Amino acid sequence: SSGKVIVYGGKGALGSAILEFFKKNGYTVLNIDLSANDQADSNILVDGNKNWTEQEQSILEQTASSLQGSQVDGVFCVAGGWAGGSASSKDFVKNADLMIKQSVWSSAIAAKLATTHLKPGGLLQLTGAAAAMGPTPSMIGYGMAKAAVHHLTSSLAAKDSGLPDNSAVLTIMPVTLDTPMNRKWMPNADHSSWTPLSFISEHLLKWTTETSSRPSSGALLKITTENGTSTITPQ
């Protein structure tokens, strides 16, 4: 009863952590992903075989059916994976396509959901990429896709973008997150530079409940950890 929030990508490591955290803190949580999270109060099913507009329609219809006359306090989008390759790579385009579908499609639909269901003064959070702040010749598609998300962020923060009054959009860019996969493939790394998922969940709850604790709307927030201490620096 503390409120409602949408987690787009609730099946992932960070997404599941965020969903669990808000639930523990009294919020009703709606998950939007390729499969259901049996811990969520509501599950919106995404069909990966459908195109962009088909996905938008289905996700919007399902979310509206679930919310009825309620609005949400926040929409958190953390969906998407990775695929690299330079222009000379055999799969340069193939992977570029996958990256648009994974980062751009989701971010845009999350934004559409916010213009429709986010309460005035609410929070929309998107996921960018620290690497996209500069050239990315070894992973051009990923770079392009994320740069589009960064631009989307700037357009949404601007006047008459469609977001509700007094709301804010924040885009996170963590350098290294502590996940099961990172522990497996880099088993001997120094975790003193790894950002705990709880650092993110905690900040999302803070920004959701206290508007005065928020960085400027449209901020691209680079998150780093050194000597066990995490820091958020607007770029």
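Note that residue numbering begins at 1 and tracks the sequence as displayed.
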item	value
2 to 10 versus 224 to 232 - greater average Cα B-factor per the deposited record	224 to 232
Mean Cα B-factor comparison, 104 to 112 or 157 to 165, giving the higher one as deposited	157 to 165
C-alpha B-factor winner, where the candidates are 63, 179, 188, 171	179
Maximum C-alpha temperature factor, selected from 126, 83, 147, 72	83
Chain-wide C-alpha B factor ranking for residue 59, given as lowest, middle or highest third	lowest
Ranked against its chain, the third holding the CA B-factor of residue 151	lowest
Chain-wide C-alpha B factor ranking for residue 16, given as lowest, middle or highest third	middle
CA B-factor ranking of residue 217, expressed as a third of its chain	lowest
Where the record places residue 136 (Cα B-factor, split into thirds across the chain)	lowest
